Structures are given as C-alpha cells and as structure tokens.
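To start, the structure itself, in structure tokens.
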Amino acid sequence: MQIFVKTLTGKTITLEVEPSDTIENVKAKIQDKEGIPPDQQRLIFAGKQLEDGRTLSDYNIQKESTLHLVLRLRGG
C-alpha cells in the first residue's frame with residue numbers, strides 16, 4: 001500500500017507500493033523515484049529496521065503509515 005516516509009530534513013515523501021512487495025521493492029521504488037540507493041537506505045519502523053526479506057504486510061503497516069527514511073551512519 002501507500003505510505004509516508006520522512007526525510008532527514010523533515011521532508012514528506014509519499015510512496016505507493018503493494019502489501020505483497022518487499023521492503024527492498026519499496027526501497028528500490030524510492031530509489032528510482034528519489035535516487036537514493038537501497039544500500040544507503042535506512043528505513044526505521046516501530047524502532048526496528050525494515051528488512052528487505054520483510055514485507056509491508058508482514059509488518060502490518062497502516063495506510064499512509066509514518067516511516068523514517070534515514071541514511072546510513074557507518075559503512076563497512
């Protein structure tokens with residue numbers, strides 16, 4: 001479904017996806033959209049990081065949910 005992710009700048013970015021799509025798919029969508037890679041993408045939810053292997057549905061996300069789109073701290 002659709003959700004509303006926030007930026008490190010407190011910006012509002014909405015993304016329309018499916019409940020069957022994985023976090024990686026949603027991230028990939030945001031990538032092609034915004035331009036930020038999924039490798040450098042850090043979405044926080046319920047205090048837990050969105051796992052690619054984990055889908056929005058598996059997360060029981062609510063319509064127009066509030067997601068935190070933060071970058072990565074370190075690297076490797």
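Scheme for the structure tokens: letters A, B, ... for chains in order shown; per-chain residue numbers from 1; ligand numbers from 1 in order shown.
Proximity to stretch 6-11 of chain A at 7 Å, evaluated using only C-alpha atoms and with sequence-adjacent residues fewer than 5 positions away removed, yields residues 67, 68, 69 and 70 of chain A.
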Expected file: the selected residues, C-alpha atoms, as an mmCIF file, in the first residue's frame:
data_model
loop_
_atom_site.group_PDB
_atom_site.id
_atom_site.type_symbol
_atom_site.label_atom_id
_atom_site.label_comp_id
_atom_site.auth_asym_id
_atom_site.auth_seq_id
_atom_site.Cartn_x
_atom_site.Cartn_y
_atom_site.Cartn_z
ATOM 1 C CA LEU A 67 8.132 5.799 8.035
ATOM 2 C CA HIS A 68 11.524 7.285 8.817
ATOM 3 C CA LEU A 69 13.846 7.412 5.831
ATOM 4 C CA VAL A 70 17.314 7.871 7.279
#
message: Which residues are near stretch 27-37 of chain A? Cut-off 12 Å, only C-alpha atoms, ignore same chain within fewer than 4 positions. Put them as a ChimeraX atom specification.
response: /A:2-7,12-18,21-23,41-43,50-56,67,69-72
Limited to N, CA, C and O atoms, could you put the picked residues into a file as a CSV table (one decimal), in the first residue's frame?
chain,number,residue,atom,x,y,z
A,2,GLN,N,0.2,2.4,0.2
A,2,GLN,CA,0.9,3.7,0.2
A,2,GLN,C,1.3,4.0,1.6
A,2,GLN,O,0.7,3.6,2.6
A,3,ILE,N,2.4,4.7,1.7
A,3,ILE,CA,3.0,5.1,3.0
A,3,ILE,C,3.7,6.5,2.9
A,3,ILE,O,4.0,6.9,1.7
A,4,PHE,N,3.9,7.1,4.0
A,4,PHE,CA,4.5,8.4,4.0
A,4,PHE,C,5.8,8.4,4.8
A,4,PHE,O,5.8,8.4,6.0
A,5,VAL,N,6.9,8.4,4.1
A,5,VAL,CA,8.2,8.4,4.7
A,5,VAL,C,8.7,9.8,4.9
A,5,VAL,O,8.4,10.7,4.1
A,6,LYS,N,9.5,10.0,5.9
A,6,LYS,CA,10.1,11.3,6.2
A,6,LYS,C,11.6,11.3,5.9
A,6,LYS,O,12.2,10.3,6.0
A,7,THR,N,12.1,12.5,5.6
A,7,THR,CA,13.5,12.6,5.3
A,7,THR,C,14.2,13.2,6.5
A,7,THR,O,13.7,13.7,7.4
A,12,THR,N,8.5,15.4,3.6
A,12,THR,CA,7.4,14.4,3.5
A,12,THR,C,7.5,13.8,2.1
A,12,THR,O,7.3,14.5,1.1
A,13,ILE,N,7.8,12.5,2.0
A,13,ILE,CA,7.9,11.8,0.8
A,13,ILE,C,6.9,10.6,0.8
A,13,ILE,O,7.1,9.7,1.6
A,14,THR,N,5.9,10.6,0.0
A,14,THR,CA,5.0,9.5,-0.1
A,14,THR,C,5.3,8.5,-1.2
A,14,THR,O,5.8,8.9,-2.3
A,15,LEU,N,5.1,7.3,-1.0
A,15,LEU,CA,5.4,6.2,-1.9
A,15,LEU,C,4.2,5.2,-2.0
A,15,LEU,O,3.8,4.7,-0.9
A,16,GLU,N,3.8,4.9,-3.2
A,16,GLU,CA,2.7,4.0,-3.3
A,16,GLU,C,3.2,2.6,-3.8
A,16,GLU,O,3.8,2.5,-4.8
A,17,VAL,N,3.1,1.6,-2.9
A,17,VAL,CA,3.5,0.3,-3.1
A,17,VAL,C,2.4,-0.7,-2.8
A,17,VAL,O,1.3,-0.3,-2.3
A,18,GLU,N,2.7,-2.0,-2.9
A,18,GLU,CA,1.8,-3.1,-2.6
A,18,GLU,C,2.2,-3.8,-1.3
A,18,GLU,O,3.4,-3.7,-0.9
A,21,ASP,N,4.7,-6.5,-2.0
A,21,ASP,CA,6.0,-6.0,-2.3
A,21,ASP,C,6.9,-6.0,-1.0
A,21,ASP,O,6.4,-5.8,0.0
A,22,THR,N,8.1,-6.4,-1.2
A,22,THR,CA,9.1,-6.4,-0.1
A,22,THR,C,9.6,-5.0,0.2
A,22,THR,O,9.5,-4.1,-0.6
A,23,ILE,N,10.3,-4.9,1.3
A,23,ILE,CA,10.9,-3.6,1.7
A,23,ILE,C,11.9,-3.2,0.6
A,23,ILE,O,12.1,-2.0,0.3
A,41,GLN,N,20.1,3.2,2.1
A,41,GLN,CA,18.7,3.5,2.6
A,41,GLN,C,18.5,2.8,4.0
A,41,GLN,O,18.8,1.6,4.1
A,42,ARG,N,18.0,3.6,4.9
A,42,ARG,CA,17.7,3.1,6.2
A,42,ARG,C,16.4,3.5,6.7
A,42,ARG,O,16.2,4.6,7.2
A,43,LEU,N,15.4,2.6,6.6
A,43,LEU,CA,14.0,2.9,7.0
A,43,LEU,C,13.8,2.3,8.3
A,43,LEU,O,14.0,1.1,8.5
A,50,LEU,N,13.6,-1.9,8.7
A,50,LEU,CA,12.8,-2.6,7.7
A,50,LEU,C,13.7,-3.6,6.9
A,50,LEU,O,14.7,-3.2,6.3
A,51,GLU,N,13.3,-4.9,7.1
A,51,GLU,CA,14.1,-5.9,6.5
A,51,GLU,C,13.6,-6.2,5.1
A,51,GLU,O,12.4,-6.5,4.9
A,52,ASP,N,14.5,-6.2,4.1
A,52,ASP,CA,14.1,-6.5,2.7
A,52,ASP,C,13.2,-7.7,2.7
A,52,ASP,O,12.2,-7.7,2.1
A,53,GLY,N,13.7,-8.8,3.3
A,53,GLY,CA,13.0,-10.0,3.3
A,53,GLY,C,11.6,-9.9,3.9
A,53,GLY,O,10.8,-10.7,3.8
A,54,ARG,N,11.5,-8.8,4.7
A,54,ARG,CA,10.2,-8.5,5.3
A,54,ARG,C,9.4,-7.6,4.4
A,54,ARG,O,9.9,-6.6,3.9
A,55,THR,N,8.1,-7.9,4.3
A,55,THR,CA,7.2,-7.1,3.5
A,55,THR,C,6.4,-6.1,4.4
A,55,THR,O,6.3,-6.3,5.6
A,56,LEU,N,5.8,-5.2,3.8
A,56,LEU,CA,5.0,-4.2,4.5
A,56,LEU,C,3.8,-4.9,5.2
A,56,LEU,O,3.5,-4.6,6.3
A,67,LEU,N,6.9,6.5,8.1
A,67,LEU,CA,8.1,5.8,8.0
A,67,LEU,C,9.3,6.8,8.1
A,67,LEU,O,9.1,8.0,7.6
A,69,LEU,N,12.8,7.7,6.8
A,69,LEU,CA,13.8,7.4,5.8
A,69,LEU,C,15.2,8.1,6.2
A,69,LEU,O,15.3,9.3,5.9
A,70,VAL,N,16.0,7.3,6.9
A,70,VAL,CA,17.3,7.9,7.3
A,70,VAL,C,18.4,7.2,6.5
A,70,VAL,O,18.2,6.1,6.0
A,71,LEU,N,19.6,7.8,6.4
A,71,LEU,CA,20.7,7.3,5.7
A,71,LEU,C,21.5,6.4,6.7
A,71,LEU,O,21.1,6.1,7.8
A,72,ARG,N,22.6,5.9,6.2
A,72,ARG,CA,23.5,5.0,7.0
A,72,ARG,C,24.5,5.8,7.7
A,72,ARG,O,25.0,6.9,7.2
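Interatomic distance, atom CA of residue A:19 to atom CA of residue A:57: 4.7 Å.
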task: Going by DSSP on the backbone, which bits of chain A are alpha helix (DSSP H)? Write them as a list in words, please.
output: residues 23, 24, 25, 26, 27, 28, 29, 30, 31, 32 and 33 of chain A
Using the chain letters and numbers from this document, which residues of chain A does DSSP assign to strand (DSSP E or B), as a short mmCIF file (atom, residue, chain, number, x, y, z; two decimals) with N, CA, C and O atoms, in the first residue's frame?
data_model
loop_
_atom_site.label_atom_id
_atom_site.label_comp_id
_atom_site.auth_asym_id
_atom_site.auth_seq_id
_atom_site.Cartn_x
_atom_site.Cartn_y
_atom_site.Cartn_z
N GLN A 2 0.20 2.40 0.16
CA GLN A 2 0.90 3.67 0.19
C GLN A 2 1.34 4.01 1.61
O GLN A 2 0.68 3.63 2.58
N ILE A 3 2.45 4.74 1.70
CA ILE A 3 2.98 5.13 2.99
C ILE A 3 3.66 6.50 2.85
O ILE A 3 3.97 6.94 1.75
N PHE A 4 3.87 7.14 4.00
CA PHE A 4 4.50 8.44 4.02
C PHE A 4 5.81 8.40 4.82
O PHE A 4 5.79 8.36 6.05
N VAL A 5 6.91 8.42 4.08
CA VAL A 5 8.23 8.38 4.70
C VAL A 5 8.74 9.81 4.88
O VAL A 5 8.43 10.69 4.08
N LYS A 6 9.51 10.00 5.94
CA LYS A 6 10.07 11.31 6.24
C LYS A 6 11.56 11.31 5.92
O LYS A 6 12.21 10.26 5.97
N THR A 12 8.48 15.42 3.62
CA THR A 12 7.45 14.41 3.48
C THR A 12 7.49 13.79 2.08
O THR A 12 7.26 14.49 1.09
N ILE A 13 7.78 12.50 2.05
CA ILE A 13 7.85 11.79 0.78
C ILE A 13 6.91 10.58 0.83
O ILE A 13 7.10 9.68 1.65
N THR A 14 5.93 10.60 -0.05
CA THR A 14 4.96 9.52 -0.12
C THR A 14 5.33 8.54 -1.23
O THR A 14 5.83 8.94 -2.28
N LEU A 15 5.08 7.27 -0.96
CA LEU A 15 5.38 6.22 -1.92
C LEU A 15 4.23 5.21 -1.96
O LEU A 15 3.79 4.74 -0.91
N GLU A 16 3.79 4.91 -3.17
CA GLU A 16 2.70 3.96 -3.35
C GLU A 16 3.25 2.60 -3.76
O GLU A 16 3.82 2.45 -4.84
N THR A 22 8.14 -6.37 -1.21
CA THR A 22 9.06 -6.41 -0.08
C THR A 22 9.64 -5.02 0.18
O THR A 22 9.47 -4.11 -0.62
N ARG A 42 18.01 3.58 4.91
CA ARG A 42 17.75 3.07 6.24
C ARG A 42 16.36 3.51 6.71
O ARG A 42 16.18 4.62 7.20
N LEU A 43 15.40 2.60 6.55
CA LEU A 43 14.04 2.88 6.96
C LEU A 43 13.79 2.27 8.34
O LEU A 43 13.98 1.08 8.55
N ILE A 44 13.35 3.13 9.26
CA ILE A 44 13.07 2.70 10.61
C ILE A 44 11.56 2.61 10.82
O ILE A 44 10.82 3.46 10.32
N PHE A 45 11.15 1.59 11.55
CA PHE A 45 9.74 1.39 11.83
C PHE A 45 9.54 0.60 13.13
O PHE A 45 10.10 -0.48 13.29
N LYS A 48 12.36 -0.78 14.76
CA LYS A 48 13.08 -1.84 14.08
C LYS A 48 13.33 -1.43 12.63
O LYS A 48 12.53 -0.71 12.04
N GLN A 49 14.44 -1.92 12.09
CA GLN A 49 14.80 -1.62 10.71
C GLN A 49 14.00 -2.49 9.75
O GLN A 49 13.79 -3.68 10.01
N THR A 55 8.09 -7.90 4.30
CA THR A 55 7.18 -7.09 3.50
C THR A 55 6.38 -6.14 4.40
O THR A 55 6.35 -6.32 5.62
N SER A 65 1.20 5.15 6.49
CA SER A 65 1.98 4.99 7.71
C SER A 65 3.15 5.98 7.71
O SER A 65 3.56 6.46 6.66
N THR A 66 3.64 6.25 8.91
CA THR A 66 4.76 7.17 9.07
C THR A 66 6.08 6.40 9.16
O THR A 66 6.36 5.76 10.17
N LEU A 67 6.85 6.48 8.09
CA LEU A 67 8.13 5.80 8.04
C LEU A 67 9.26 6.83 8.10
O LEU A 67 9.10 7.96 7.65
N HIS A 68 10.37 6.41 8.68
CA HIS A 68 11.52 7.29 8.82
C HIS A 68 12.62 6.85 7.84
O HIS A 68 13.22 5.79 8.00
N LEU A 69 12.84 7.69 6.84
CA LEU A 69 13.85 7.41 5.83
C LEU A 69 15.15 8.11 6.22
O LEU A 69 15.34 9.29 5.94
N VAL A 70 16.03 7.34 6.85
CA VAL A 70 17.31 7.87 7.28
C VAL A 70 18.43 7.17 6.50
O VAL A 70 18.24 6.08 5.97
#
query: Taking into account only C-alpha atoms, which residue in the set A:25, A:1, A:76, A:58 is nearest to residue A:40?
result: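 Closest candidate: A:76.
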